[PDB]
Amino acid sequence: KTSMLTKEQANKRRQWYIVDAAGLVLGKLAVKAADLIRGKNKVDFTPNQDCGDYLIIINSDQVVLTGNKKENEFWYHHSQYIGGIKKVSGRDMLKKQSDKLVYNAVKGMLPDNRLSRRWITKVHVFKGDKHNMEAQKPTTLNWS
Amino acid sequence: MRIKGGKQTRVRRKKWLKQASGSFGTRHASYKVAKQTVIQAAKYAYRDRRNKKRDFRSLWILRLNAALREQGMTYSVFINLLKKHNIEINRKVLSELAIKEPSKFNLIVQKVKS
Amino acid sequence: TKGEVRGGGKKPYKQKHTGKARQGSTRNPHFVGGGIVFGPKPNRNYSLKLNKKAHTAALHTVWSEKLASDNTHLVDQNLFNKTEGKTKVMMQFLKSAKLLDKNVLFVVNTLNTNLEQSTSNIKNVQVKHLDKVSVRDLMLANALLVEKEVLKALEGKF
Amino acid sequence: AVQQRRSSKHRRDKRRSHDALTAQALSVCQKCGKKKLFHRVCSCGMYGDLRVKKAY
Amino acid sequence: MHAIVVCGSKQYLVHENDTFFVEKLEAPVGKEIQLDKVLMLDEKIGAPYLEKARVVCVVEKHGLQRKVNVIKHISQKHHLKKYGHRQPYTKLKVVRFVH
Amino acid sequence: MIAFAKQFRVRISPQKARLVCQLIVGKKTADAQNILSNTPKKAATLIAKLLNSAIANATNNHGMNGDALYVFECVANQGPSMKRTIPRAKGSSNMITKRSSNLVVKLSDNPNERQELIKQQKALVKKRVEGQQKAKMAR
RNA sequence: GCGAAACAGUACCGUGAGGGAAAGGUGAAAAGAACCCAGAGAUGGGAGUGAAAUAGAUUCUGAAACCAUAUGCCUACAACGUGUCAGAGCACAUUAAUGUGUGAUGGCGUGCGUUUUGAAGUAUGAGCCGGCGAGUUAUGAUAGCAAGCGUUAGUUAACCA
RNA sequence: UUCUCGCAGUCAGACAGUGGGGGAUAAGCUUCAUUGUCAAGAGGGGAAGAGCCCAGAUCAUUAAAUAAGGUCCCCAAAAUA
RNA sequence: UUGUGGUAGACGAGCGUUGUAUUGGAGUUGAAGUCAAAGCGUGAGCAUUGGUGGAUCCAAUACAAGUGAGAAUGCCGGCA
C-alpha cells in the first residue's frame with residue numbers, strides 16, 4: 001500500500017546568511033527571501049515543522065524601484081478609527097523608513113498561517129550600513 | 001401485542017455516540033448533535049481520501065524540484081529526460097526518498113545524459 | 001379509540017396568541033390520555049377458509065406419510081380393556097414399548113371408556129375420536145397408535 | 001433583551017473563573033488559645049494587654 | 001542492499017530485513033514467492049524493466065486494515081445511504097533478492 | 001483510610017458551599033478549622049461541624065494518628081431539589097426551584113492514596129484483561 | 001390498563017353546569033439498627049442482626065441531559081460550524097490488533113430537518129435528555145403470484161354437531 | 001423510443017448560448033421556440049457562484065497519462081526566441 | 001462484456017422487538033437490563049469479557065403485529 005513517507009522529527013537546523021541588496025528590485029528580492037525563509041530549495045521541506053533558515057539584509061536604503069512606480073503607487077495603512085488612512089508614497093518611505101517596505105513585502109510573501117508569525121522573526125533588515133548581528137558568523141551571497 | 005421497544009433506541013444512540021469521541025463541547029454527549037457531527041466528519045473523510053492523494057503528490061513534486069534546482073536544471077526537463085529519452089517509469093516517491101539515501105539519486109540524475 | 005374515552009370537548013387553550021402548541025384537547029393520541037389512533041378491535045375474524053377438497057387431501061397425505069413408518073403400531077380392544085382405571089399400568093406399558101418421551105395420541109373409533117379414564121394426567125397422551133383429530137395434531141404425535149377399525153373408515157373417507 | 005444562543009458550561013466557567021474567596025489574615029492572641037483575626041478581638045475579650053469584652 | 005519492487009500498481013523501496021505492506025496477492029502463507037516486475041536495482045538499470053531479475057520474499061501474514069465506514073448524505077434531500085469497507089492486505093518481508 | 005462523614009439535604013446552594021470547598025482543600029487539620037470558622041458565609045459553618053464530626057470519627061474508630069491528616073476532597077452535590085410556585089404580575093406564575101446540597105468531606109493520613117485509587121483501577125482493568133485471556137485458552 | 005393498582009371523581013380549578021391530577025416494589029423473616037464517638041438535634045461514622053446494610057427506611061433493577069473531584073496530555077499571537085487527512089513530542093499497554101489517550105504543527109473545511117426556481121441563512125422547526133407519539137381494521141372490487149379441484153367443472157352461506 | 005397491462009409522481013421553473021414577442025433590443029423582467037446545466041449532480045477551473053467552461057463520483061491505494069485552465073511567490077507546474 | 005450519481009417514485013432482496021406453536025439449550029457455578037472495554041458484517045446490527053443483579057432467558061423454523069423516532073411553536077417527567 002504505502003511506504004510510510006518520512007517526515008522530520010523536529011530536527012530543524014538553521015543557518016545564517018547576509019544578502020547585501022545593491023541594485024536589486026523589490027519583487028525579485030522578496031521572492032528569494034521567501035524562498036530562503038520556507039526552505040523551498042532545501043531537500044528536507046515539510047510544512048508541518050517550519051524547515052527554514054535565517055536571513056539578514058543590509059543597506060535597505062539602496063533598493064530601487066523601476067519605471068514610474070516611485071510617484072504613482074501608494075502604500076496604505078489603516079487605523080481602526082474613522083478616516084485613519086495613513087497614505088504614503090514610495091519616495092517617502094525610501095527616505096524616512098525603508099525597512100518597513102521590505103518587511104511588509106516579505107510578510108506579503110508568506111501564507112497567512114500560524115507559522116508566518118514565526119516565519120517573519122527570521123528576517124532582519126537594517127536601514128544603515130552596520131548591524132549588531134555579528135555573532136552568528138553568517139555567509140555572504142548575492143541575488144538571493 | 002403492545003410493543004415497548006427500548007433496546008433498539010439505546011443501542012443505536014450508544015453506537016452513534018461512541019463514533020464521535022474526543023469532541024469539543026457537548027458534541028460527544030448529545031446523540032442528536034453527535035450524529036450530525038459524525039455525518040460531517042465522514043463527509044470530510046470522504047473528500048480528504050482524495051485531497052490527501054492529491055496533496056501528497058503536490059509535496060512529491062515540490063520536494064523533487066527542491067533537489068533538482070540545485071543541479072542547475074529544471075524539473076520539467078528531468079521528467080522530459082525520463083520520458084522521451086532513456087525511457088524511465090521510475091516512481092516519484094522512490095526518487096524522492098532516494099534523497100534520504102545520499103547521492104544514490106545522483107546516479108539517476110547522471111544517467112539521463114546518454 | 002380517540003372518541004370513546006371520557007375527557008374534555010373544550011380546548012384547554014385558545015387557538016392563537018398562546019406560547020404553546022396549536023392543539024387543544026385533553027385525550028389526543030399525543031397526550032398521556034390513551035386514545036390510540038389504530039389498534040386491535042374486538043371484531044377480528046382471525047380465520048381463513050380452505051376448500052374442503054384441499055383439506056381432505058391434506059388429511060389423506062398426512063395419513064399416508066405417517067402410516068409408512070415403523071414408529072406407529074396397531075392397537076386393539078385388548079390392552080384397552082386389560083388395564084383398569086389405574087394409569088400406572090399404561091405407564092408400565094409405555095416403558096415396555098419405550099414411548100415415554102413421545103407425544104403419542106390415541107385415535108379410536110369405538111370411544112372406549114376404559115382407555116379414556118386413564119391418560120388424563122399426562123402431558124404426552126390424550127384420547128380422541130377419528131372425526132375429532134385434525135391434520136395438525138395427527139402429525140404432532142411423533143408416534144401413532146391406531147385402532148384396527150379405523151382403517152376401513154379412513155379408506156372410505158379417503 | 002435576552003440571550004440568543006445558549007451559554008454552555010464553558011461560558012459560565014470562564015465567567016466564574018474569577019470569583020473565588022481569598023483567605024482572611026489570622027493572628028494568635030497572647031493569652032487566648034485561639035486563631036483569631038488580624039486587628040480584631042476574638043470571643044475571649046482581649047486585643048492583647050487591654051481587656052474589653054466579656055468572657056463569653 | 002537497497003532494492004525496488006512494485007506490487008499491483010504501487011511501488012516500494014525495500015531494505016533487507018525490512019517489512020512492507022501490499023494488497024492481497026492471492027498467494028499461500030509461509031512460502032517464498034519470487035516477484036518478476038522489478039525496476040531499477042542497485043547500479044543496474046533496465047529502462048523498461050530489469051532484465052532476468054527477480055525479487056524473492058516470504059509473505060508474513062494476511063490482515064484487515066482499520067474499518068472505514070463511508071456514509072453518503074445529500075444535504076436536506078432525504079438521503080442517508082451508508083456503506084462499510086475494509087482492506088484485505090498482505091504483510092511481507094524480503095530475504096534473498098537476486099540480481 | 002477515608003474516614004468520611006456524610007450529610008444529606010442541607011439548606012444551602014451548591015456553588016456557595018463549593019466555594020468554601022476550594023477554600024478548605026489543600027490544608028491539614030490544624031490549619032482547616034481556624035480558616036473555616038472565620039469565613040462570613042453560612043455554607044462554611046455547617047462544613048465546620050461536619051469536619052469536626054469527621055475528625056472525631058477518624059480519631060475514634062479507624063484509629064490513625066489524628067494529627068497528620070488533611071482534607072482530601074470536597075463536593076457540592078445537588079441533592080433532591082424542591083419546587084414551589086410564586087405569584088407574579090397579571091397571573092403569570094413561575095416555579096421557584098429550592099436547591100438542595102449533599103455535602104460530604106474526606107480525610108487522608110498520607111501524602112499518598114491519591115494514586116492508590118488509580119492502582120485499584122489498574123488492578124480492576126488487569127482482572128478484566130485476565131478474564132478475557134481465560135476465554136482465549138478455551139479453544 | 002377504565003380518568004381511579006395507593007382511603008379518585010378524592011387533591012385542586014372554579015359561586016355553579018362542569019373541568020378534572022400525580023405517585024405501587026427494603027429485606028426470606030424488622031431480624032427497622034442495643035450500645036459508643038462527634039454534634040443541640042436531625043444525622044453520620046462505627047459496633048450488632050442479616051448471605052448481602054452499595055437492601056437502612058430517600059427503602060427492586062439505577063443508565064441521560066446535569067454538576068462536582070481525580071490520573072495523563074494540551075492551551076494564554078488566537079480569526080475557530082471547531083471536524084477531517086498527514087504530523088513531532090508526551091504518558092501508558094490492548095477484545096495483539098500495521099495498538100491506545102492526548103494533538104504542538106500543515107492542507108482542506110459556511111450544521112441537521114421542512115418548504116422551495118432555489119439553502120449556512122438576514123425565512124423557517126427543535127434548549128438538552130428519557131418514554132409515548134401515524135398506514136391498520138371490517139365489508140366488497142380490481143390485478144399479479146401461489147395453492148387445491150377440472151370436462152357438466154368448482155363452490156358453500158346462514159344454521160345444526 | 002411500438003403494442004396489452006400493474007402502479008405512481010409531476011400541472012409555480014430558473015439559468016447560458018442563440019431565433020423572436022411585450023418593454024425604450026432595461027433588468028437576476030415577462031412571455032415562446034431550440035440546444036445543454038440545475039431541479040435530482042458531487043469534482044476541477046472561473047478567487048468567492050445551480051446554471052458559465054471541462055465530465056459523469058462503487059470503494060480502497062502516500063500509483064501513471066490527459067480535458068478546461070495555468071507555470072514568480074501566495075498555490076503544484078517553463079523555458080527558449 | 002456492459003454498467004453501478006440520484007431525490008419525487010416503482011420494484012426486489014433482508015435485519016430487529018413482543019407474543020404463540022412446537023423441536024434443543026442455558027440459568028444461585030449467577031439471566032435480563034445497564035455501566036465501560038483497543039471486537040465481527042455491505043446495512044438495520046450481531047459477539048466476547050469484568051463490575052453492578054438476584055430471577056428468567058437463548059438458539060433454528062413459522063405465524064400475528066398497539067412494532068423500529070430528529071424535528072410536529074409538541075405532551076408528560078427531570079435537568080442546564
# chains A, B, ... in the order shown; residues from 1 in each chain; ligands from 1
$ closest_atom_pairs --of "chain A" --to "chain E" --cutoff "9 Å" --atoms "only C-alpha atoms" --output "tab-separated table"
residue	atom	partner	partner_atom	distance
A:1	CA	E:22	CA	4.6
A:2	CA	E:21	CA	7.0
A:3	CA	E:12	CA	6.0
$ closest_atom_pairs --of "chain E" --to "chain G" --cutoff "10 Å" --atoms "only C-alpha atoms (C1' of nucleotides)" --output "CSV"
residue,atom,partner,partner_atom,distance
E:20,CA,G:98,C1',9.2
E:21,CA,G:98,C1',8.1
E:63,CA,G:98,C1',8.9
E:64,CA,G:98,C1',9.5
E:65,CA,G:98,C1',7.9
E:66,CA,G:98,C1',9.4
E:75,CA,G:112,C1',8.7
E:76,CA,G:113,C1',6.5
E:77,CA,G:113,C1',9.2
E:78,CA,G:113,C1',9.4
E:91,CA,G:98,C1',8.4
$ select_by_dssp --residues "chain D" --states "helix (DSSP H, G or I)" --output "VMD selection string"
chain D and resid 9 to 16
$ write_last_selection --atoms "N, CA and C atoms" --output "JSON list (two decimals), in the first residue's frame"
[["chain", "number", "residue", "atom", "x", "y", "z"],
["D", 9, "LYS", "N", -21.58, 25.34, 29.51],
["D", 9, "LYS", "CA", -20.82, 25.33, 30.76],
["D", 9, "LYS", "C", -19.51, 26.08, 30.62],
["D", 10, "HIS", "N", -18.96, 26.13, 29.41],
["D", 10, "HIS", "CA", -17.69, 26.83, 29.19],
["D", 10, "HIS", "C", -17.81, 28.31, 29.53],
["D", 11, "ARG", "N", -18.89, 28.95, 29.08],
["D", 11, "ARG", "CA", -19.06, 30.38, 29.32],
["D", 11, "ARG", "C", -19.21, 30.68, 30.80],
["D", 12, "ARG", "N", -20.06, 29.91, 31.49],
["D", 12, "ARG", "CA", -20.25, 30.13, 32.92],
["D", 12, "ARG", "C", -18.97, 29.87, 33.69],
["D", 13, "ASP", "N", -18.18, 28.88, 33.28],
["D", 13, "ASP", "CA", -16.95, 28.56, 34.00],
["D", 13, "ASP", "C", -15.90, 29.65, 33.79],
["D", 14, "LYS", "N", -15.75, 30.12, 32.55],
["D", 14, "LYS", "CA", -14.83, 31.22, 32.29],
["D", 14, "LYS", "C", -15.29, 32.51, 32.96],
["D", 15, "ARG", "N", -16.59, 32.68, 33.18],
["D", 15, "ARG", "CA", -17.10, 33.84, 33.89],
["D", 15, "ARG", "C", -16.84, 33.74, 35.40],
["D", 16, "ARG", "N", -17.03, 32.56, 35.98],
["D", 16, "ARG", "CA", -16.75, 32.36, 37.40],
["D", 16, "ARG", "C", -15.28, 32.09, 37.68]]
$ residues_around --residues "range 51-61 of chain I" --least-positions-apart "2" --cutoff "8 Å" --atoms "only C-alpha atoms (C1' of nucleotides)" --output "PDB file with N, CA and C atoms (P, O5', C5', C4', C3', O3' and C1' of nucleotides), in the first residue's frame"
ATOM      1  P     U G  61     -32.104  -1.344  43.863  1.00  0.00           P
ATOM      2  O5'   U G  61     -31.967  -1.816  42.348  1.00  0.00           O
ATOM      3  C5'   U G  61     -31.316  -3.035  42.017  1.00  0.00           C
ATOM      4  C4'   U G  61     -31.468  -3.362  40.553  1.00  0.00           C
ATOM      5  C3'   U G  61     -31.015  -2.284  39.581  1.00  0.00           C
ATOM      6  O3'   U G  61     -29.614  -2.288  39.370  1.00  0.00           O
ATOM      7  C1'   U G  61     -33.142  -3.079  38.933  1.00  0.00           C
TER       8        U G  61
ATOM      9  P     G I  25     -31.348 -30.698  25.553  1.00  0.00           P
ATOM     10  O5'   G I  25     -30.667 -29.283  25.827  1.00  0.00           O
ATOM     11  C5'   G I  25     -29.374 -28.994  25.318  1.00  0.00           C
ATOM     12  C4'   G I  25     -29.014 -27.539  25.486  1.00  0.00           C
ATOM     13  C3'   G I  25     -29.003 -27.003  26.908  1.00  0.00           C
ATOM     14  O3'   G I  25     -27.827 -27.353  27.616  1.00  0.00           O
ATOM     15  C1'   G I  25     -30.085 -25.459  25.477  1.00  0.00           C
ATOM     16  P     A I  26     -27.824 -27.372  29.222  1.00  0.00           P
ATOM     17  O5'   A I  26     -27.690 -25.835  29.624  1.00  0.00           O
ATOM     18  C5'   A I  26     -26.573 -25.070  29.198  1.00  0.00           C
ATOM     19  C4'   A I  26     -26.750 -23.607  29.521  1.00  0.00           C
ATOM     20  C3'   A I  26     -27.129 -23.286  30.955  1.00  0.00           C
ATOM     21  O3'   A I  26     -26.019 -23.313  31.835  1.00  0.00           O
ATOM     22  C1'   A I  26     -28.501 -22.049  29.484  1.00  0.00           C
ATOM     23  P     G I  27     -26.101 -24.141  33.208  1.00  0.00           P
ATOM     24  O5'   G I  27     -26.769 -23.117  34.228  1.00  0.00           O
ATOM     25  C5'   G I  27     -26.219 -21.821  34.414  1.00  0.00           C
ATOM     26  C4'   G I  27     -27.277 -20.822  34.807  1.00  0.00           C
ATOM     27  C3'   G I  27     -28.113 -21.180  36.024  1.00  0.00           C
ATOM     28  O3'   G I  27     -27.459 -20.899  37.247  1.00  0.00           O
ATOM     29  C1'   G I  27     -29.535 -20.456  34.289  1.00  0.00           C
ATOM     30  P     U I  28     -27.689 -21.849  38.520  1.00  0.00           P
ATOM     31  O5'   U I  28     -27.612 -20.847  39.754  1.00  0.00           O
ATOM     32  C5'   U I  28     -26.519 -19.946  39.890  1.00  0.00           C
ATOM     33  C4'   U I  28     -26.238 -19.620  41.336  1.00  0.00           C
ATOM     34  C3'   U I  28     -26.402 -20.785  42.310  1.00  0.00           C
ATOM     35  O3'   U I  28     -25.425 -20.681  43.340  1.00  0.00           O
ATOM     36  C1'   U I  28     -27.861 -19.026  42.923  1.00  0.00           C
ATOM     37  P     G I  30     -21.221 -18.579  37.482  1.00  0.00           P
ATOM     38  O5'   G I  30     -22.746 -18.201  37.740  1.00  0.00           O
ATOM     39  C5'   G I  30     -23.763 -18.605  36.828  1.00  0.00           C
ATOM     40  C4'   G I  30     -24.902 -17.616  36.778  1.00  0.00           C
ATOM     41  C3'   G I  30     -24.519 -16.193  36.372  1.00  0.00           C
ATOM     42  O3'   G I  30     -25.587 -15.610  35.628  1.00  0.00           O
ATOM     43  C1'   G I  30     -25.493 -16.164  38.523  1.00  0.00           C
ATOM     44  P     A I  31     -25.274 -14.508  34.502  1.00  0.00           P
ATOM     45  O5'   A I  31     -26.637 -14.387  33.686  1.00  0.00           O
ATOM     46  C5'   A I  31     -26.983 -15.341  32.693  1.00  0.00           C
ATOM     47  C4'   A I  31     -28.400 -15.145  32.218  1.00  0.00           C
ATOM     48  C3'   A I  31     -28.734 -13.760  31.688  1.00  0.00           C
ATOM     49  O3'   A I  31     -28.350 -13.583  30.335  1.00  0.00           O
ATOM     50  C1'   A I  31     -30.405 -14.446  33.212  1.00  0.00           C
ATOM     51  P     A I  32     -27.759 -12.176  29.835  1.00  0.00           P
ATOM     52  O5'   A I  32     -29.018 -11.199  29.844  1.00  0.00           O
ATOM     53  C5'   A I  32     -30.149 -11.456  29.023  1.00  0.00           C
ATOM     54  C4'   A I  32     -31.342 -10.651  29.473  1.00  0.00           C
ATOM     55  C3'   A I  32     -31.174  -9.139  29.430  1.00  0.00           C
ATOM     56  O3'   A I  32     -31.443  -8.613  28.140  1.00  0.00           O
ATOM     57  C1'   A I  32     -32.114  -9.792  31.509  1.00  0.00           C
ATOM     58  P     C I  35     -25.709   1.693  29.159  1.00  0.00           P
ATOM     59  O5'   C I  35     -24.445   1.784  30.122  1.00  0.00           O
ATOM     60  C5'   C I  35     -24.414   2.724  31.185  1.00  0.00           C
ATOM     61  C4'   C I  35     -23.186   2.547  32.038  1.00  0.00           C
ATOM     62  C3'   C I  35     -21.892   2.310  31.282  1.00  0.00           C
ATOM     63  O3'   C I  35     -21.320   3.504  30.784  1.00  0.00           O
ATOM     64  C1'   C I  35     -22.079   0.728  33.019  1.00  0.00           C
TER      65        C I  35
END
$ residues_around --residues "residue 138 in chain A" --least-positions-apart "5" --cutoff "12 Å" --atoms "only C-alpha atoms (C1' of nucleotides)" --output "NGL selection string"
:A and (14-19 or 53-57 or 133)
$ residues_around --residues "residue 10 in chain B" --least-positions-apart "5" --cutoff "12 Å" --atoms "only C-alpha atoms (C1' of nucleotides)" --output "list in words"
residues 5, 15, 16, 17 and 31 of chain B; 63, 64, 130 and 131 of chain G; 33, 34, 68 and 69 of chain I
$ write_last_selection --atoms "C-alpha atoms (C1' of nucleotides)" --output "PDB file, in the first residue's frame"
ATOM      1  CA  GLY B   5     -39.140  -1.128  22.005  1.00  0.00           C
ATOM      2  CA  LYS B  15     -23.305   3.275  18.825  1.00  0.00           C
ATOM      3  CA  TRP B  16     -23.687   6.726  17.264  1.00  0.00           C
ATOM      4  CA  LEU B  17     -22.218   8.481  20.309  1.00  0.00           C
ATOM      5  CA  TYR B  31     -26.836  11.905  20.276  1.00  0.00           C
TER       6      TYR B  31
ATOM      7  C1'   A G  63     -28.124   4.347  32.690  1.00  0.00           C
ATOM      8  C1'   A G  64     -29.423  10.853  30.177  1.00  0.00           C
ATOM      9  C1'   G G 130     -35.665   9.658  28.523  1.00  0.00           C
ATOM     10  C1'   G G 131     -40.566   7.498  27.430  1.00  0.00           C
TER      11        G G 131
ATOM     12  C1'   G I  33     -31.294  -4.578  31.859  1.00  0.00           C
ATOM     13  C1'   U I  34     -27.470  -1.339  32.412  1.00  0.00           C
ATOM     14  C1'   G I  68     -38.336   0.210  14.857  1.00  0.00           C
ATOM     15  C1'   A I  69     -38.160   8.102  16.306  1.00  0.00           C
TER      16        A I  69
END
